[PDB]
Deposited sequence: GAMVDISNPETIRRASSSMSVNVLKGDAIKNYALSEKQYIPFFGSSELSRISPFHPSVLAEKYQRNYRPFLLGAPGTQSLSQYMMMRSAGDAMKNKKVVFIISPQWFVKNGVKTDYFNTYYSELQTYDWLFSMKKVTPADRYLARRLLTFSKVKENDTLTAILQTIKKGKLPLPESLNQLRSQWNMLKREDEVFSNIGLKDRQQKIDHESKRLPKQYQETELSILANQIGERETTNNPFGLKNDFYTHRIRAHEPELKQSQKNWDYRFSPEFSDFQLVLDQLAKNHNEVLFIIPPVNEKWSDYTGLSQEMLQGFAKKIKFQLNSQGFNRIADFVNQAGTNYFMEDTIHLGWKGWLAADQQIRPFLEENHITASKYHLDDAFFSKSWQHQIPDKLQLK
């Protein structure tokens, strides 16, 4: 609970922090820590990363990074729900990755990495009534073998799936294990890189000076391939298979997925907490999609669909960057925001978190977004 430990934790993306309670919930209880949800893009520390800009320009917040490689909506819902009241009324930044929204949803391997018995039990002991969100989550959890290993939990989830509140005597069978997990959590570093990158920035914030610097760094760091990819990413992840990747994504589609309904869990909790949220939708590097055949029209349809889900329920603060696919150096690689992209995000993050302007969101949740109909809905006929 030492302040330097919390600061270190706020940028660690440590799986033990993301699956735990003691550190993240204390930090979220402090006014200064603003949760940034997302996935692996949050580890892209450069001079333009949100934590570097906030530190260099002495802003009144510090991001607490809660995404990590493979964290999608279900895992981040569990983080939010287990924080409970620590999240009430906070501002939130949430990066929506289009790649999460694949036909079969979050890979089992990703779910298993972040599955937290502590946070699952937190939810169960928090429930006072069964809402459609609770029924959906129980239905989802019951499809993962790691959850099924636990017979006591499985029977409780079956009760919730049927719409019934588990009896206290039933939940009490988990209480000993829950308390053990809580004690262990109570008892059991990127700051130097953030500081280093901060020294590369101008003393005074000036967006165009920053843009020029982002273009200079991007150009210097993408010299070994034709696609605008960071050199080490190209060398380690692309080069060995580069011929085979041509046209490999021509039939990929992110418009249909259980992830739309997992994402609805996030929206349910954000609304119940009265969170004000900035959602960010990144593009895919157009030089790369040109090569792989991934359809930009399809990505625009994904964005239309997710924006309908957001806007129809009152989430109207959205930085949609899908149309920045052709902006050099917007992405660091094939999926992760990079120098110009993080700088562009700052143009909406900064006035939100610093309250240059203030708007009030009022939410109207619709449980239809948990349905298979929504998961399979084609975006083109949607109209608000």
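- Coordinate coverage of the deposited sequence is interrupted at 1 to 6, 195 to 200, 397, where no C-alpha atom was modelled.
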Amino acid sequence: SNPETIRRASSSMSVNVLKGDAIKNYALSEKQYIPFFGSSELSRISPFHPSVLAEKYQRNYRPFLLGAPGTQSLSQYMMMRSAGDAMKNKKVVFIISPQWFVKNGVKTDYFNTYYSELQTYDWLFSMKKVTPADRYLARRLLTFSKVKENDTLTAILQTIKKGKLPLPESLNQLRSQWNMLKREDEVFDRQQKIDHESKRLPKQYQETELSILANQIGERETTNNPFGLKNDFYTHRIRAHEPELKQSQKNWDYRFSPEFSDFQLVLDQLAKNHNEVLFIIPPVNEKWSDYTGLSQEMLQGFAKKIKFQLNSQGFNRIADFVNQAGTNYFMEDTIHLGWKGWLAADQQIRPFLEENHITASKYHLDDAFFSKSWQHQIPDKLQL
From here on, numbers count along this sequence of modelled residues.
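- The stretch 49 to 57 shows the higher mean C-alpha B-factor when 337 to 345 is compared against 49 to 57 in the entry.
- Mean CA B-factor, 236 to 244 versus 97 to 105: the higher value falls on 236 to 244.
- Taking only the listed residues 145, 264, 211, 225, the entry reports the highest CA temperature factor at 145.
- Reading the B-factor column for the CA atoms of 207, 195, 276, 297 in the entry, the top value corresponds to 195.
- Among the modelled residues of its chain, residue 184 has a C-alpha B-factor that falls in the highest third, as given in the PDB entry.
- Split the chain's modelled residues into thirds by C-alpha temperature factor. Residue 290 is in the middle one.
- Ranked by Cα temperature factor within the chain, residue 25 sits in the middle third according to the deposited record.
- Sorting the modelled residues of the chain by their CA temperature factor places residue 324 in the lowest third.
- Among the modelled residues of the chain, residue 316 sits in the lowest third by CA temperature factor in this PDB entry.
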